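Scroll down for the structure; my scribbles are underneath it.
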Amino acid sequence: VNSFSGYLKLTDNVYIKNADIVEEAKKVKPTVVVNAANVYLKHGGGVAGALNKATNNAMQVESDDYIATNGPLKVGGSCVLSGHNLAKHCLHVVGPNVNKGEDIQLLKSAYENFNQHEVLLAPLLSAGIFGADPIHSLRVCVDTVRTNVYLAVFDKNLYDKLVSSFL
Ligand SMILES: CN(CC(=O)O)C(=O)c1ccc2[nH][nH]c(=O)[n+]2c1
């Protein structure tokens, strides 16, 4: 038993809710919140901008130190950093950005990072400003992640379409 509430169960291990991941994180304090990161951990907009703003920019400060030490992530890769006031940990995961021409097949590799964590609160990778089809992203999620994932979908209209079209 865990503290996530109001989720629709899609599969044995994947759940989905129309929610703001920031507000969801501040209420649940999950062990892991996933950020839709880029390779530079520059949290300017989308989910990343929103999560970082909710940390009063502490996420960005920590991220800049991480990059200064380690260099950029790989597309499809991840790193674990602090969750600040939102979660114990933040798993920063880089899905391919279609608006940068990155290969969509890397989306499966991105979701594989979730399997290193038993339970996660997450957005749909490569959705929103990353330019992928959220229905495809949901399919890859279900077909790749084996651990327990709670997907927060900000847009109610999109949440309805994702549910209604789910196979
Ligand atoms: C795919 N999407 C949008 C969605 O879930 O429909 C996201 O990843 C997302 C979630 C929350 C959020 N707050 N501000 C944002 O830009 N933003 C973006």
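Residues are named by chain letter and number: chains run A, B, ... in the order of the structure tokens, numbers start at 1 in each chain, and ligands are numbered from 1 in the order shown.
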**Q.** For residue 130 (chain A): contacts at 9 Å, only C-alpha atoms, fewer than 2 positions along chain excluded, given as a PyMOL selection string
**A.** chain A and resi 36+46+95-100+125-128+132
Quick one: residues within 9 Å of ligand 1, with only C-alpha atoms and all ligand atoms, as a compact mmCIF listing (two decimals) with N, CA and C atoms, in the first residue's frame?
```txt
# COMPACT_ATOMS: atom_id res chain seq x y z
N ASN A 18 -5.00 12.74 -13.98
CA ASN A 18 -4.95 14.14 -14.41
C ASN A 18 -4.51 14.95 -13.21
N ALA A 19 -3.25 15.39 -13.21
CA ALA A 19 -2.72 16.11 -12.06
C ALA A 19 -1.53 16.94 -12.50
N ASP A 20 -1.28 17.99 -11.72
CA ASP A 20 -0.05 18.78 -11.81
C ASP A 20 1.02 18.05 -11.01
N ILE A 21 2.08 17.60 -11.68
CA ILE A 21 3.11 16.79 -11.02
C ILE A 21 3.74 17.55 -9.86
N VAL A 22 3.81 18.88 -9.94
CA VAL A 22 4.34 19.67 -8.84
C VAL A 22 3.45 19.55 -7.62
N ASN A 35 11.93 13.96 -13.44
CA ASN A 35 11.98 15.19 -14.22
C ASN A 35 12.21 14.88 -15.69
N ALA A 36 11.49 15.60 -16.55
CA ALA A 36 11.71 15.58 -17.99
C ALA A 36 12.86 16.52 -18.32
N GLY A 45 11.66 25.17 -18.84
CA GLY A 45 10.25 25.16 -19.16
C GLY A 45 9.69 23.75 -19.11
N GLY A 46 8.41 23.64 -19.46
CA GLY A 46 7.75 22.36 -19.37
C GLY A 46 7.74 21.86 -17.94
N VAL A 47 7.77 20.53 -17.80
CA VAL A 47 7.81 19.92 -16.48
C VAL A 47 9.05 20.39 -15.71
N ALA A 48 10.20 20.43 -16.37
CA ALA A 48 11.44 20.77 -15.67
C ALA A 48 11.40 22.19 -15.12
N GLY A 49 10.93 23.14 -15.93
CA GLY A 49 10.85 24.50 -15.46
C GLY A 49 9.94 24.64 -14.26
N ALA A 50 8.86 23.91 -14.28
CA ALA A 50 7.85 23.91 -13.24
C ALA A 50 8.39 23.27 -11.96
N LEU A 51 9.02 22.09 -12.07
CA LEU A 51 9.62 21.47 -10.89
C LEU A 51 10.69 22.38 -10.30
N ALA A 122 5.77 10.28 -12.16
CA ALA A 122 6.44 10.68 -13.38
C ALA A 122 5.53 11.35 -14.38
N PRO A 123 6.10 12.14 -15.28
CA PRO A 123 5.39 12.60 -16.46
C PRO A 123 5.64 11.63 -17.61
N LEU A 124 4.86 11.79 -18.66
CA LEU A 124 5.12 11.06 -19.89
C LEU A 124 6.37 11.62 -20.58
N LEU A 125 7.37 10.77 -20.74
CA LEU A 125 8.63 11.21 -21.32
C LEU A 125 8.46 11.61 -22.78
N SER A 126 9.17 12.66 -23.16
CA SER A 126 9.18 13.21 -24.50
C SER A 126 7.86 13.87 -24.89
N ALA A 127 6.88 13.96 -23.99
CA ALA A 127 5.61 14.63 -24.27
C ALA A 127 5.79 16.14 -24.13
N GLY A 128 4.68 16.88 -24.24
CA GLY A 128 4.73 18.32 -24.06
C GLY A 128 5.72 18.95 -25.04
N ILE A 129 6.55 19.86 -24.52
CA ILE A 129 7.46 20.62 -25.37
C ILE A 129 8.57 19.77 -25.98
N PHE A 130 8.70 18.50 -25.58
CA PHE A 130 9.65 17.61 -26.24
C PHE A 130 9.12 17.07 -27.57
N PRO A 134 2.11 11.88 -27.11
CA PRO A 134 1.93 11.30 -25.77
C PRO A 134 1.30 9.92 -25.77
N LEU A 151 1.70 8.07 -13.33
CA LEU A 151 1.85 9.09 -14.36
C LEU A 151 0.90 10.24 -14.08
N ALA A 152 1.47 11.44 -13.98
CA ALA A 152 0.71 12.67 -13.83
C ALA A 152 0.64 13.35 -15.19
N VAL A 153 -0.57 13.61 -15.65
CA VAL A 153 -0.82 14.27 -16.92
C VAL A 153 -1.50 15.60 -16.65
N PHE A 154 -0.81 16.70 -16.95
CA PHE A 154 -1.29 18.03 -16.58
C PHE A 154 -2.58 18.40 -17.31
N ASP A 155 -2.67 18.09 -18.60
CA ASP A 155 -3.78 18.54 -19.43
C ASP A 155 -4.95 17.56 -19.34
N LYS A 156 -6.10 18.05 -18.87
CA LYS A 156 -7.27 17.19 -18.71
C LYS A 156 -7.73 16.62 -20.06
N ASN A 157 -7.74 17.45 -21.10
CA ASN A 157 -8.13 16.96 -22.42
C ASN A 157 -7.21 15.83 -22.87
N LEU A 158 -5.91 15.99 -22.67
CA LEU A 158 -4.99 14.92 -23.04
C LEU A 158 -5.19 13.69 -22.19
N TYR A 159 -5.37 13.87 -20.88
CA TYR A 159 -5.61 12.73 -20.01
C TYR A 159 -6.80 11.92 -20.52
```
**Q.** All strand (DSSP E) residues (DSSP, backbone) inside region 40-106 of chain A, as a VMD selection string
**A.** chain A and resid 78 to 82 89 to 93
Output N, CA and C atoms for every residue in that selection, as a compact mmCIF listing (two decimals), in the first residue's frame.
```txt
# COMPACT_ATOMS: atom_id res chain seq x y z
N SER A 78 20.05 9.22 -17.55
CA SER A 78 19.47 9.77 -16.34
C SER A 78 20.54 9.99 -15.29
N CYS A 79 20.17 10.77 -14.28
CA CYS A 79 20.93 10.83 -13.04
C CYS A 79 19.97 11.03 -11.88
N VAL A 80 20.39 10.60 -10.70
CA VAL A 80 19.63 10.78 -9.47
C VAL A 80 20.22 11.95 -8.70
N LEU A 81 19.39 12.94 -8.41
CA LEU A 81 19.78 14.08 -7.59
C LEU A 81 18.74 14.24 -6.48
N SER A 82 18.89 15.29 -5.69
CA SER A 82 17.94 15.53 -4.61
C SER A 82 16.54 15.82 -5.14
N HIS A 89 14.12 11.96 -3.78
CA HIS A 89 15.03 11.99 -4.91
C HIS A 89 14.30 12.50 -6.14
N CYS A 90 15.05 13.13 -7.04
CA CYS A 90 14.59 13.42 -8.39
C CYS A 90 15.42 12.61 -9.37
N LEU A 91 14.75 11.78 -10.16
CA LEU A 91 15.38 11.08 -11.27
C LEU A 91 15.23 11.95 -12.51
N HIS A 92 16.32 12.58 -12.94
CA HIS A 92 16.33 13.41 -14.14
C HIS A 92 16.54 12.48 -15.33
N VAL A 93 15.53 12.36 -16.20
CA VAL A 93 15.56 11.44 -17.33
C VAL A 93 15.46 12.24 -18.62
```
Q.
Need the shell around region 1-3 of chain A: protein/DNA/RNA residues with any atom at most 10 Å away, counting only C-alpha atoms. Skip same-chain ones fewer than 5 positions apart. Format as a PyMOL selection string?
A. chain A and resi 27-30+119
**Q.** CA of residue 63 (chain A) to CA of residue 43 (chain A), straight-line distance in Å
**A.** 8.9 Å
**Q.** Backbone DSSP call of helix (DSSP H, G or I) for region 22-149 of chain A, listed as an MDAnalysis selection string
**A.** chainID A and resid 22:28 46:54 58:70 98:100 106:116 128:130 134:144
Write out as a Markdown table the residues of region 39-86 of chain A that have any atom within 8 Å of an atom of region 110-118 of chain A, one row each with the nearest atom pair and its distance in Å to one decimal, counting only C-alpha atoms, sorted by chain and then rising number.
```
| residue | atom | partner | partner_atom | distance |
| --- | --- | --- | --- | --- |
| A:75 | CA | A:110 | CA | 7.5 |
| A:76 | CA | A:110 | CA | 4.0 |
| A:77 | CA | A:110 | CA | 5.8 |
| A:78 | CA | A:113 | CA | 6.7 |
```
Q: Fewer than 2 positions away in the same chain doesn't count, so skip those; otherwise give me all residues within 10 Å of residue 6 (chain A), counting only C-alpha atoms, as an MDAnalysis selection string.
A: chainID A and resid 4 8:9 15:19
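Residues in contact with residue 10 (chain A) at 9 Å, where only C-alpha atoms are counted and same-chain residues fewer than 3 positions away are skipped, are listed as residues 13, 14, 15, 16, 142, 163 and 166 of chain A.
Each of A:7, A:106, A:74, A:56 was checked against residue 37 (chain A) using only C-alpha atoms; the smallest atom-to-atom distance is that of A:74.
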